[PDB]
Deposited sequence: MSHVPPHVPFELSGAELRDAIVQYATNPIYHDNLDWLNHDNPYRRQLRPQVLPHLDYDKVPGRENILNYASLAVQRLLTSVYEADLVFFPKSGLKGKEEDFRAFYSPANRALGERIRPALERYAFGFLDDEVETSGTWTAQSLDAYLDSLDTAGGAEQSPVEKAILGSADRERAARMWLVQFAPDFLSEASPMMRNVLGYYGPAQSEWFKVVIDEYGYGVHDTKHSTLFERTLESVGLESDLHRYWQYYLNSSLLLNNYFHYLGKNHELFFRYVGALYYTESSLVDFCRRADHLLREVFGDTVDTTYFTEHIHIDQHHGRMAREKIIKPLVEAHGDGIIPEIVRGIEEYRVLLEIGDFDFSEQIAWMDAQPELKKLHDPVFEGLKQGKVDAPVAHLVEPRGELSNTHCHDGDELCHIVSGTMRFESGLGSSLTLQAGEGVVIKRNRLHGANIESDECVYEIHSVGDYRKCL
């Protein structure tokens, strides 16, 4: 038997493999803000990927940096090669893209880089979450206010816009509802397998399928339900939460983490749906369809009790107390990700609402640079009409200054500024944004100021 060479992929070889995956034409920059009923095109900004360091895994303070957003986008695309999608309008005329996404090559290239991407995406959780007995576990589960999202949306300068931005964050999860969970039903194991399957079944009648109900919610507020129309408006943290469940479902060494996360999500579901129904009704009035959420507003309309009694209990008995720390870890990791999502979304809404003031704030920041309060690297850019900078973020504060021409500066769904000669905008660290050129040519500068407040 030849010696086993352990799997290894790092450094330049890893960078090249990531670029190889992501340079498939279906991943190149979109010329528009939206994907138009084409579930095979996902914007991975492959031109930036050669310049990121995938070997240096970020901690929590840096997980909203651009490299993390880039990796979350990559991971979503890799996981979704296992999911079936067809366009709403049918496959006719989209066969080439279908075959580009579902190909032996696209799968193999993505699967080769998946281990490194998962370390980059989830490695920080090792430091955010810390032997057990059946006794300790029972106490723990037993021990488990206006929410951050409610505050963000209800306090917004534009409540309807803020709520629409919120709703599109759920498109990949709710429109493919239960897909990551279904990954745990394949195979051959104990009575717990049928219990898992029961939960999945709840999430074959198409009209009552929960994804169909969420389609109606989106359509009732003027949004569309084709995946991934709103790709460029998906926040880092939203992708992270969705990806976490594909991670747990695909990687069966993490099965017991999923068991924990299932218990916690089912136990929290009714409160989540009640709040969602209330908030949406307050924002949109009679016209919003909240049936997706009201399917679970009755106190017993969840699978939490069954998860504890028919999944956790039999698994601990069968497989021993060694699995308990994994159950707890799934719960605690998921709770960390929820915190990150609340922060990221709140920050994004504030950033969208502040655009007029951040356009004005360009003036004193630009003046500060002239006075030499900060010595800021400058990038000088010249871009033609319709060069659409697909959405991204930067790791420090940046000042965008227009020398000549006209730019549409995009900060969120329904959140835009028109920047003309001599105008600009303060771009806040980690905030999702993009731009398009509206004149024949636009000449502009990006100044890397670090902390814009030092220029004031």
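Practice problem: No C-alpha coordinates anywhere in a stretch? Then put that deposited-sequence range on the list, in order along the chain. | Solution: No coordinates exist for the deposited residues in 1 to 3, 134 to 136, 151 to 156, 216 to 218, so these stretches are absent from the model.
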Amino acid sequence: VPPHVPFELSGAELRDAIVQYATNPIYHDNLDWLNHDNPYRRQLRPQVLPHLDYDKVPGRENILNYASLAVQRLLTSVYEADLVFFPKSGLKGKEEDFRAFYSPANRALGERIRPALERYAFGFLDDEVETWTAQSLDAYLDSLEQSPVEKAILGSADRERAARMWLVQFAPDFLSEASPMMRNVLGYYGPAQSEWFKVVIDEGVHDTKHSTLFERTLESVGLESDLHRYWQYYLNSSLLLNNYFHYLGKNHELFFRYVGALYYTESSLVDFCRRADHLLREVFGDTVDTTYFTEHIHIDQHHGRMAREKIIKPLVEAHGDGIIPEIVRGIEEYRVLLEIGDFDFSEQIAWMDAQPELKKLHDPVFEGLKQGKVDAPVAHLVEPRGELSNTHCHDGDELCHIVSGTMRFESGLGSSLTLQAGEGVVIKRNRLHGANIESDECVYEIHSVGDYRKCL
From here on, numbers count along this sequence of modelled residues.
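_Quick check: 172 to 180 versus 315 to 323, which has the larger average CA B-factor in the record?_
Looking at the record's C-alpha B-factors, the answer is 315 to 323.
> Mean C-alpha B-factor higher for 348 to 356, or for 301 to 309?
Replying inline: Per the deposited B-factors, the answer is 301 to 309.
* Out of 107, 362, 296, 229, which residue has the highest Cα temperature factor in the PDB record? -> Reading the PDB entry, the winner on C-alpha B-factor is 296.
**Top residue by Cα temperature factor, when 340, 270, 78, 113 are compared in the entry** = Largest recorded C-alpha B-factor: 270.
Q | residue 55 CA temperature factor, ranked by third within the chain | A | For residue 55, whose C-alpha B-factor we compare with every modelled residue in the chain, the answer is the highest third.
| Going by what the PDB entry lists, where does residue 160 fall on CA B-factor within its chain: lowest, middle or highest third? | Middle third - that is where residue 160 ends up once the chain's C-alpha B-factors are sorted.
Residue 82 CA temperature factor, ranked by third within the chain:
Residue 82: CA B-factor falls in the lowest third of its chain.
Mind checking which third residue 118 falls in for C-alpha B-factor across the chain?
It falls in the bottom third of the chain.
Original post:
Is the Cα B-factor recorded for residue 334 in the lowest, middle or highest third of its chain?
Top reply: Within its chain, residue 334 is a middle-third residue by C-alpha B-factor, going by the deposited values.
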